[PDB]
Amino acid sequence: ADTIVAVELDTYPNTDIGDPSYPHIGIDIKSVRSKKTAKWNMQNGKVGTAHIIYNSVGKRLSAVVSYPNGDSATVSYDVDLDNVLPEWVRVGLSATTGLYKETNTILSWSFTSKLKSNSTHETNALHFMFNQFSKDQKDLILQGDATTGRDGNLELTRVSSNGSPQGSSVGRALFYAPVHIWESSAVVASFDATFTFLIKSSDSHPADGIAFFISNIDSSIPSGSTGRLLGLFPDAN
């Protein structure tokens, strides 16, 4: 199976798999059962911003999610990703719907990774930033139901012609280049990611959420990973 590290913006409480009984943000290390969560007051129809930050010195993965009205939720977890992830990875965004649904619209996404070696003034780095997505966005690998270009956005899950989100959908977008996320001889390895999103739901309950994730380079959507599994995990272990 794939190796997954993710920050989840989980809009639907699945208590059977350890979700608290409210929308929440979470840090997921090789399991959909978050290692740490925080209560998140998701604002229907508003544009939110998620920031994710990590460095190999502090060994603390942190995320904050905020809206323009100033409300925010944060979660941090002590983890040495050198000991979890493979050296080379791909990075991406994933989202799902299940019985319940929501738009999983990404308006922007940026990422920076740096490896600083012990050799003086020697750094390798990658940075990308998307503030618009075209219909043919060649530097993205789209999986599942994900599409680009609708109003210049990235729609991770299926939306009808009229804008209505569909159930039982899963989609992901991965940056085309592999990323060298750590190296044994690096003195510092760090990364940051930011994305903005618009989650909207008309009926009783948004679901299921959006995640930023880091995976093995050949990661694909696991079979049956719609709904609560967020397009990331093959089961809820």
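The numbering used is simple: start at 1 and walk along the sequence shown.
- Looking at 220-228 and 5-13 together, the entry lists the larger mean B-factor for 220-228, computed on C-alpha atoms.
- If you average the C-alpha B-factors over 158-166 and over 142-150, the higher value belongs to 158-166.
- Residue set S202, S31, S66, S56: peak C-alpha B-factor at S202 (per PDB entry).
- By the numbers in the PDB entry, the CA B factor is greatest at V187 among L174, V187, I52, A211.
- Ranked against the other modelled residues of its chain, the C-alpha B-factor of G45 as given in the entry falls in the highest third.
- Split the chain's modelled residues into thirds by C-alpha temperature factor. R90 is in the lowest one.
- Sort the modelled residues of the chain by CA B factor and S134 lands in the highest third.
- In the PDB entry, a CA B factor belonging to the middle third of its chain's modelled residues is recorded for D80.
- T120 sits in the highest third of its chain by CA B factor, as recorded in the PDB entry.
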